[PDB]
Amino acid sequence: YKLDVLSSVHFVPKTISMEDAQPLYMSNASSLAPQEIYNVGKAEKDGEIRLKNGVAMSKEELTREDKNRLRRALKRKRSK
Amino acid sequence: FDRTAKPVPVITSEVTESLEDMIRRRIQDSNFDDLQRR
Amino acid sequence: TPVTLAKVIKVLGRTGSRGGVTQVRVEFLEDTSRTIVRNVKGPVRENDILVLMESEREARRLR
Amino acid sequence: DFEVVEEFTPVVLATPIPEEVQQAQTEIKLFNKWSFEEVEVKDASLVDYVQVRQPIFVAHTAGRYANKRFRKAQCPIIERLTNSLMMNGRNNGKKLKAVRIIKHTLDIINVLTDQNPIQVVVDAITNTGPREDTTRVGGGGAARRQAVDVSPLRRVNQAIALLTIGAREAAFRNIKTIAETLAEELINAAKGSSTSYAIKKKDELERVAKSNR
Amino acid sequence: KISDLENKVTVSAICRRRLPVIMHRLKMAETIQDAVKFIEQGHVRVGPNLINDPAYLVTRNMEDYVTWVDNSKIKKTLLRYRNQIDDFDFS
Amino acid sequence: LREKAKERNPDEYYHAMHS
Amino acid sequence: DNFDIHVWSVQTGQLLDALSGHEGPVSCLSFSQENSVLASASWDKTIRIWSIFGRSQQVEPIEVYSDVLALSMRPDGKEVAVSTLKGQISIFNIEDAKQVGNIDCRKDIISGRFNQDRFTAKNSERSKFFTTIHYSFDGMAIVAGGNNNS
Amino acid sequence: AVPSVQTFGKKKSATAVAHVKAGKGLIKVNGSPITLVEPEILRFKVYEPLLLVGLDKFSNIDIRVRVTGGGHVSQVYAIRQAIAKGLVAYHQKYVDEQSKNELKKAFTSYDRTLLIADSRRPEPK
Amino acid sequence: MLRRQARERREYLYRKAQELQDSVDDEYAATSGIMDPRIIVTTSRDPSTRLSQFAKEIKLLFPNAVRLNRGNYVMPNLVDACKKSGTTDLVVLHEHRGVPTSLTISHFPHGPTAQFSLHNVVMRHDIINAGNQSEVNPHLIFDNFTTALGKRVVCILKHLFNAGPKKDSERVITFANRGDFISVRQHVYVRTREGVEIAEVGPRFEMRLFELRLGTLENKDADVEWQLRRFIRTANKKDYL
RNA sequence: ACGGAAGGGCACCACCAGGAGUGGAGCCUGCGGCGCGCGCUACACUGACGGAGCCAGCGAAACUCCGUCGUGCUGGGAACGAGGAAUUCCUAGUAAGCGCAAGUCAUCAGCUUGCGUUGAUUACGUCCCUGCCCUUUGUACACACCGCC
């Protein structure tokens, strides 16, 4: 305050409580980003692998070609 | 007589052989001193 | 031959063209409706009328 | 009826200004001889690429007309003509020489065929500039041509280049010089005689385009 | 300088940002005794706007643009003595 | 003096520059 | 105090480029709305038309007489209005670089006589300029205000 | 004691100082009148400042212009710049401001290189 | 803003004198690895074709470089227009009958200008048609720079390259000191199972520093940090004179 | 570790539209061992002349005007008539034309660097060709879009 009043053109002036300065009255955590409320992550058991696509693929339902494909894909995913 | 400075170093096959085995030993060490992302 | 005048309205980017030939979507002036894509050689802006001798043949890529 | 008077004394400065100059102060004529009024471009599709809506006094308006893409289509047509005419190995930067020979050129196309010289040069440009053209399509190595069209900027550029290089080829080393040969080539291209180098090259280019269209 | 701000920033430095002494070090005046007279008469702008109080601290990024206004007697007599008074832009 | 010319500071003024 | 025009991508919050070009501090910016050209304006008496998209980064300077504040752009993207420090407004075409006209506005603003003055109430160039400009959305009216109360 | 005004103009290296004062019409370049400008083909390039606005705005003034430096065509561009901006400065501070910005609108409608010059050098691509 | 450039360069002279008292250096520490530097390459005045293709070889040698044309560019407004472009380095080439002789490096935002004589050049445009250059942001190698002047020249000479190349980044550029003659070659390689095989391409030369001034290129009032001494009676007895 | 495919950017060692050189002849510093090629010079009505005018900048030529030839190894200058295959370079006060200074510890007097003078044409877009580079977890925090290389 004392510095910019010395070094500015125009002047610069300066129990149970409440608050007059808020983001919004109406929204109030009913306006949240859905990515922050949930994102599809990794799996929860060792029988399957789910992707960030939104699908779920199990090691007991995959053939061997798609299993080699997914292993190579997550090898590149780990590599970069 | 006497002369002021050493003349221009003429490029001979011996000096380019020493420069090439210098640089190939250096990159066999991979000790190249570039910058860094900082 | 009856030459016709026609006004460009959109220069199609991203097409695979010969360097120095730009495709364009021109439309006529005797009626303001029927459009035709041609391929012009020089520098071309929007809405500057160019001349056409052939009236019906559509254009294509230039490999 | 209607009358407006603004000056009241006969204005004569203490230095005597020539009478042709104080006549030109009413309306700007080119070289104090040729009105840019009553010049119209009889063809369409080359208006706003030739530019005969600004009465200048001499074709040396040295503003910056090339540091954008399309802003060399607004400096006037005879300034583009003299600037395209100025260039060869014997002359670069000889623009007062180029201006004086364009002055002799339009003066003698007046004394031969008085329409007005800027009208002659403008419809000469419109008749000169070609309308279809060929390009080398790739094809891996085959020398196959292909037919394209030309934007009006390319038509005006190739028109002034064909007129200038035709006058160059027509007075390289023979009897006349560049001034009167530009005059004769430009009046042939203005009339449409198919005897000038310009319309010869336009007919050749459109003929090969028509052939391998 | 990080921890030795204990000893150097004193009156002789915090007053060295003042518009009179910055004016005198810019050689816009003979001394402070008439530099205060100029900037109290209101001839001296900094940035785009005129500044009249002779206690102003010109900052670092405004020392480059503390110059006389157009249409003033001192700017006119400076350009007259240099004989370059381009009188299109007011002086 | 060449260095002072390259830093001339074109807004200097004194009482002695009236004539 | 670094004389530049920074641009960031709003998709990924990184610094795209330190788009330099001026000689002094910039004061007022605007993007267009039809071609999205940039029209910067800086205290080297210069406005600067920038085209930053599509392989080019085309620069074109336009040079005004006095110092420059307060740029605004017409909503049809064909011309740009700029204030000056010498109490004027200019308008410039931007596909060209010629002017259209300059409204002289240094006789019709009444700044106030300060209580800290020796001078008069009218001759002192206190706020005889326009610190901010805006066009109207029809395209004709321009509103303008400065550090004075007019 | 006459009302004088002094302006400067410059293309590439030529410089033109113009003294406009209340006179009777005469217009001088290095003493020689404006009818005799050296390169003889850009005489209308030096005329058109006093030809866009009419000679009746030059009936009351007289202009003496010293010109040094620069080549031929840079000198004649400097003279046309000095003539134009000297006329608009004289009309700025000795006759009406409406006539001043009418002249300024006419010059900036013909071409604004008659008044101020693009004096900022090149682009490093 | 001439008072601004004068004030900043006077602050630069103070910073350099203070650093030389209390001895990446002072001029480069703000931008050691953050900003990728841009390089403007020019020739002397009305260049020859051989000099111009050498300047093309230099622009192809180190990246983020443009080869700006030089005809009737006055030197002070050239360097201040380069400053208002806001790039980092300027490199000027002076020739003699097609053989280039001077390479002036100027880190022009109030920085140092080194000058190099440039003795035995070889231009790939007049020997070898083998294709394009590799143009990857390269690696750098330096041989026996141990003097304080050697550290200064390697700082201002490697701070014009692209910062932080990758492992796969192929071409290496060498700067070898053989008795105050920085020999420059540049190579590409692969890793064989036996070892490594290099491929010489691009220019080769050797440059001797002969001035290193603290001011910018245009001034000639710049205080000399170092220049060689040709005519002392112990000239040929040591290195980095 | 090795490939491939897809997407995306860049460049006069790319496409495009042109401009100017090199290569033809003489003198040449050098690089090779006579060749290479860097500058300099001649060959063209843009001509040759003959008068007359006139402007710079670091530290006066080009030019303009007024008169005389003359399409001819010509008056240009014995030779010599604008230079093949190819190749190189170049995007605005730029290519180019023109002179004027200096000789700044390395290089340079055959020249080198500065300084001004006059000053254009053509692209200013495209990744189709030549290639070069990057990416193939969106994490970057909204809205939207993509959604297994």
# chains A, B, ... in the order shown; residues from 1 in each chain; ligands from 1
$ residues_around --residues "residue 55 in chain A" --least-positions-apart "6" --cutoff "12 Å" --atoms "only C-alpha atoms (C1' of nucleotides)" --output "PDB file with C-alpha atoms (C1' of nucleotides), in the first residue's frame"
ATOM      1  CA  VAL A  40     -12.387 -44.629 -15.932  1.00  0.00           C
ATOM      2  CA  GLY A  41      -9.143 -45.903 -14.474  1.00  0.00           C
ATOM      3  CA  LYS A  42      -7.400 -49.255 -14.263  1.00  0.00           C
ATOM      4  CA  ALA A  43      -8.960 -52.562 -13.265  1.00  0.00           C
ATOM      5  CA  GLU A  48      -9.206 -58.237 -16.644  1.00  0.00           C
ATOM      6  CA  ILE A  49      -7.802 -55.011 -18.059  1.00  0.00           C
TER       7      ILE A  49
ATOM      8  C1'   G J 147     -12.027 -42.457 -28.624  1.00  0.00           C
ATOM      9  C1'   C J 148      -8.058 -49.287 -28.481  1.00  0.00           C
TER      10        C J 148
END
$ interface_residues --of "chain B" --to "chain J" --cutoff "12 Å" --atoms "only C-alpha atoms (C1' of nucleotides)" --output "mmCIF file with C-alpha atoms, in the first residue's frame"
data_model
loop_
_atom_site.group_PDB
_atom_site.id
_atom_site.type_symbol
_atom_site.label_atom_id
_atom_site.label_comp_id
_atom_site.auth_asym_id
_atom_site.auth_seq_id
_atom_site.Cartn_x
_atom_site.Cartn_y
_atom_site.Cartn_z
ATOM 1 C CA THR B 4 56.101 -13.921 -35.614
ATOM 2 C CA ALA B 5 53.403 -16.552 -35.439
ATOM 3 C CA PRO B 7 51.410 -20.559 -39.656
ATOM 4 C CA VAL B 8 48.045 -22.004 -40.639
#
$ select_by_dssp --residues "chain C" --states "strand (DSSP E or B)" --output "compact mmCIF listing (two decimals) with C-alpha atoms, in the first residue's frame"
# COMPACT_ATOMS: atom_id res chain seq x y z
CA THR C 4 -18.92 -17.24 -68.86
CA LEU C 5 -17.96 -15.38 -65.70
CA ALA C 6 -18.09 -17.05 -62.32
CA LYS C 7 -17.37 -15.94 -58.76
CA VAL C 8 -15.32 -18.03 -56.35
CA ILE C 9 -16.82 -18.54 -52.90
CA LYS C 10 -14.54 -21.06 -51.14
CA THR C 22 -5.36 -24.69 -56.12
CA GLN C 23 -8.85 -26.14 -56.29
CA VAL C 24 -11.76 -23.76 -55.82
CA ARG C 25 -15.56 -23.89 -55.66
CA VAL C 26 -16.84 -21.35 -58.14
CA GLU C 27 -20.44 -20.41 -58.91
CA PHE C 28 -21.97 -18.76 -61.94
CA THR C 35 -21.77 -24.36 -58.46
CA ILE C 36 -18.83 -26.22 -59.95
CA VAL C 37 -15.37 -26.95 -58.62
CA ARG C 38 -12.53 -25.85 -60.87
CA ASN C 39 -8.78 -25.70 -60.45
CA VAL C 40 -7.06 -22.37 -60.93
CA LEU C 50 -12.77 -15.63 -63.16
CA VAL C 51 -13.47 -16.68 -66.72
CA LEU C 52 -14.59 -20.10 -67.88
$ closest_residue --among "E:23, E:50, E:14, E:29" --to "chain F" --atoms "only C-alpha atoms"
E:29
$ residues_around --residues "range 89-95 of chain H" --least-positions-apart "6" --cutoff "12 Å" --atoms "only C-alpha atoms (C1' of nucleotides)" --output "PyMOL selection string"
(chain E and resi 71+85-91) or (chain G and resi 104) or (chain H and resi 2-8+18-22+57-58+60-63+82-83+101-104+115)
$ interface_residues --of "chain E" --to "chain F" --cutoff "9 Å" --atoms "only C-alpha atoms" --output "number ranges by chain"
E: 26-30, 67-68, 74-75, 77-78, 80-81
$ write_last_selection --atoms "C-alpha atoms" --output "short mmCIF file (atom, residue, chain, number, x, y, z; two decimals), in the first residue's frame"
data_model
loop_
_atom_site.label_atom_id
_atom_site.label_comp_id
_atom_site.auth_asym_id
_atom_site.auth_seq_id
_atom_site.Cartn_x
_atom_site.Cartn_y
_atom_site.Cartn_z
CA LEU E 26 18.55 12.60 -16.84
CA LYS E 27 19.92 16.17 -17.17
CA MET E 28 16.49 17.62 -17.90
CA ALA E 29 17.17 20.45 -15.45
CA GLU E 30 19.98 22.47 -13.93
CA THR E 67 9.77 13.27 -21.01
CA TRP E 68 8.32 16.72 -21.58
CA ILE E 74 10.56 24.47 -22.46
CA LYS E 75 10.11 21.90 -25.23
CA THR E 77 12.85 26.56 -26.54
CA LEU E 78 14.81 23.28 -26.52
CA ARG E 80 14.49 26.25 -30.95
CA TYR E 81 18.04 26.17 -29.58
#
$ atom_distance --atom1 "CA of residue 178 in chain D" --atom2 "CA of residue 90 in chain D"
13.0 Å
$ residues_around --residues "range 19-26 of chain J" --least-positions-apart "2" --cutoff "12 Å" --atoms "only C-alpha atoms (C1' of nucleotides)" --output "number ranges by chain"
D: 87-89, 92; I: 48-50, 52; J: 17, 28, 36-38, 40-43, 79-91, 94-96, 120-123
$ atom_distance --atom1 "CA of residue 11 in chain D" --atom2 "CA of residue 84 in chain H"
19.2 Å
$ interface_residues --of "chain H" --to "chain J" --cutoff "7 Å" --atoms "only C-alpha atoms (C1' of nucleotides)" --output "list in words"
residues 38, 39, 40, 69, 70, 71 and 72 of chain H
